[PDB]
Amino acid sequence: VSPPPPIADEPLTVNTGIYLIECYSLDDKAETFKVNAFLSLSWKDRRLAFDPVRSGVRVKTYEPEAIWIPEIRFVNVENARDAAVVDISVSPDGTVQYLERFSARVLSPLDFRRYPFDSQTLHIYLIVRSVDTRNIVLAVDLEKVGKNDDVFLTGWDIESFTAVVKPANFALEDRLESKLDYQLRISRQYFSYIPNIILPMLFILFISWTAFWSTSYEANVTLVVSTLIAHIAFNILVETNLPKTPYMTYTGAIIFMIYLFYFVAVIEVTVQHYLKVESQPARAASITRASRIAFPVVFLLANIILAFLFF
């Protein structure tokens, strides 16, 4: 079979629409998500036109094999989509209405800069390669773009599912390609991070600061070193749920900065002891008394500065 013939030198417009049924498995490390949706296609093939009076029927159904169907592919998919044709319906003028149900693992990159308070725009790119007979251009039928109300992406809030109506028409391997951008706007459910990582991490830091109300070096060493190890465990736990980024993430910055607070606490604890031993407990007392105010104040201000730079 060959593509539909042009009335004049116009390109063939394939109207598209994606309707999400099930949306799942957003892997932060892999920057992938799995989708299960309907793909609807519509184009006019005058060769398929019929008189409803003579034929009796108002619409004609065809098997994919019987007629010409545009070779529509997804750009950013991992492997070729699993698709199964639901329906092909031809109206008297020759307007074909294709429907298929597909599933694919979509590869759309993520911006972890504000993690876990981040919002993402997932992309689904539809593309079509022009044949030698005629150029094929994609379009968006907005009435056939949507999502089910039940659509839930675990740990995420689905904001919108829309399409950039004007396609990106460009040359590739000496033939015209028409690309369409379907955007799924989502925002992370940060709630769990607060009682599981953020607050536990702050509690262990504040416990390290009880060393500023203790003259026992052996006890201080235990307090600051033990809590530093729990902070290492939280750093490791966090960096497992995330990929290696060439930039600093919000949680990454806080986690990093907290190491400096542990390092300065070890210095203060060491200075206090050296001075006590050197028979200068008065000077050690001044440093310890100052640290009690300095550490919380510098921690609070540094955090205001970070939140400001990141948001």
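Sequential numbering from 1, following the sequence displayed.
*Asks:* May I ask you to compare 147 to 155 and 107 to 115 by their mean CA B factor in the entry and name the higher one?
*Replies:* Of 107 to 115 and 147 to 155, the stretch with the higher C-alpha B-factor average is 147 to 155.
*Asks:* Comparing average C-alpha B factors as deposited, tell me which of 295 to 303 and 5 to 13 sits higher.
*Replies:* Mean B over CA atoms: larger for 5 to 13.
*Asks:* Which one, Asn235, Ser89, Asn76, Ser187, has the peak C-alpha temperature factor per the PDB entry?
*Replies:* Spelled out: the listed residue with the top C-alpha B-factor is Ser89.
*Asks:* Per the entry's Cα B factor values, which of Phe256, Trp68, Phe33, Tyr250 stands out as the maximum?
*Replies:* Highest C-alpha B-factor among the listed residues goes to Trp68.
*Asks:* Can you work out whether the C-alpha temperature factor of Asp82 puts it in the lowest, middle or highest third of the chain?
*Replies:* According to the entry, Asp82 has a C-alpha B-factor in the chain's middle third.
*Asks:* Grab the CA temperature factor for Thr210 from the record and place it in the lowest, middle or highest third of its chain.
*Replies:* For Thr210, the deposited C-alpha B-factor lands in the middle third.
*Asks:* Going by the recorded CA B-factors, say which third of the chain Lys276 sits in, lowest, middle or highest.
*Replies:* It falls in the middle third of the chain.
*Asks:* What third of the chain, by the recorded C-alpha B-factor, contains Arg101?
*Replies:* Within its chain, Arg101 is a middle-third residue by C-alpha B-factor, going by the deposited values.
*Asks:* Considering every modelled residue of the chain and its Cα B-factor in the PDB entry, is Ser40 in the lowest, middle or highest third?
*Replies:* Within its chain, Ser40 is a middle-third residue by C-alpha B-factor, going by the deposited values.
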